[PDB]
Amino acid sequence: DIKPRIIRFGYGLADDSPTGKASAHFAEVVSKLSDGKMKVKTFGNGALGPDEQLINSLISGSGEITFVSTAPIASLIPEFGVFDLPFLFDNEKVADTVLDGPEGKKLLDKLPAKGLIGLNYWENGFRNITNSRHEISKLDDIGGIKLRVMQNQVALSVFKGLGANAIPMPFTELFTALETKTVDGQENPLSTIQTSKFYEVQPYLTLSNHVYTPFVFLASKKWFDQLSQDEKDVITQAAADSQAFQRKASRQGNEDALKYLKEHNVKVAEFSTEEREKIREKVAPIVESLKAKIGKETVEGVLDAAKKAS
C-alpha cells in the first residue's frame, strides 16, 4: 500500500556536508524501498529556512522531513536544552549509547505532543570555537568575545558565564555575520566549519569540543499520520539505515575536516590540560543554575546514562 508521493526535506547545512550527503542517502533509500514511488526532494543550505522555520513547517505541514539541532527544540520542549551543557559526553560512543537508549527515547517521546515525530537521532557533533579577533588558547581569551550561539537560554547562559558576549543567531545568517565582523566568532563541528566555509572568514580555530550536539531526524506528525503503514515503514526503515550511514559519514568527515583545516594552514589552537579544568569550575555553578530550566530528572538521567556508558 504505497501511493506516489513527493516529500520535501529542507535543512540548514551545506549539501556536501556529511549530513547533507546522508539526506541524499535517505532520499535514495526511500526511493528503493518504495519502487521509486516515494521521492524525497532535498533543499539544502537553508533554502527552506533555518532550523526554527523548518520546525514550524513540519508543525504546520508545509514540510515533511528535516534534521535540526536539539537547541532550537528547547523553545518547544525545554528538556532538549540538556545537550547544550558542556562536557556531557566524553565521546561519540557514549553519545550513541545514551541517545539511542532510554534517556534519548524519553526526550523523543515528547515530540508528538508538539506535532513532530522524532524518527531517531543523527550526529551534529562536538563543537569547536572559531573567531577572527585573537587566538583562544585560554578560558581568559573568551572574555568579551562576540560569539554567536544557538538560540536557547542554555547556550546563551553557558557562554555568557564563560565571559563571552553571546549573540543568539540563526545558522542561516552566520556566514555573513562572520564575514562582516558583526560577530567575532562562532562554534560548530569541524566538518561544518569546513563545508559552510567559516574558515574563510575565521583565521582562528580552537579545538575545544566543549558541547556535543545531537541532531533530531524529524517528520511532520500531521503528515506522517496520514501515511499508510507500508508508507511509514518506508520512512522508519529509511531513517534507520540513514542514521548508520549518517554517523559514519559524520565521523569520517570530522577526520577529513581536521586534515583539511590543518593542511589549509588554519591557525589551530587547543585548550591546555588545565585551561580545560579552568573551564569546568567556571560552568559547574551556572550548569547547576540551569538544571531548573531544563528539568532535573532529564539532566540527572542523562548524566547517569552518560556515566554508565563510559
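Whichever C-alpha set is largest while still superposing within 1.5 Å between the two forms counts as the rigid core. So that there is no doubt, residue numbering starts at 1 and follows the sequence shown.
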Original post:
Line up the rigid core: which moves more in 4 other deposited structures of this protein, 258-266 or 244-252, by C-alpha RMS?
Top reply: 258-266
Original post:
Averaged over C-alpha atoms, is the B-factor higher for 209-217 or for 159-167 in this PDB entry?
Top reply: 159-167
**OP:** Determine, for stretches 274-282 and 261-269, which one has the higher mean CA B-factor as deposited.
**Re:** 274-282
Original post:
Out of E92, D109, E79, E187, which one has a C-alpha B factor higher than all the others in the entry?
Top reply: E92
**OP:** Please rank the C-alpha B-factors of the chain's modelled residues and tell me whether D96 sits in the lowest, middle or highest third.
**Re:** lowest
Subject >> Where the record places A14 (Cα B-factor, split into thirds across the chain) >> reply: lowest
**OP:** Would you check the entry's CA temperature factor for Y199 and let me know if it's in the chain's lowest, middle or highest third?
**Re:** middle
**OP:** Select lowest, middle or highest to describe the third in which the CA B-factor of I59 falls within its chain in this entry.
**Re:** middle
Original post:
By the record's CA B-factor, is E231 among the lowest, middle or highest third of residues in the chain?
Top reply: highest
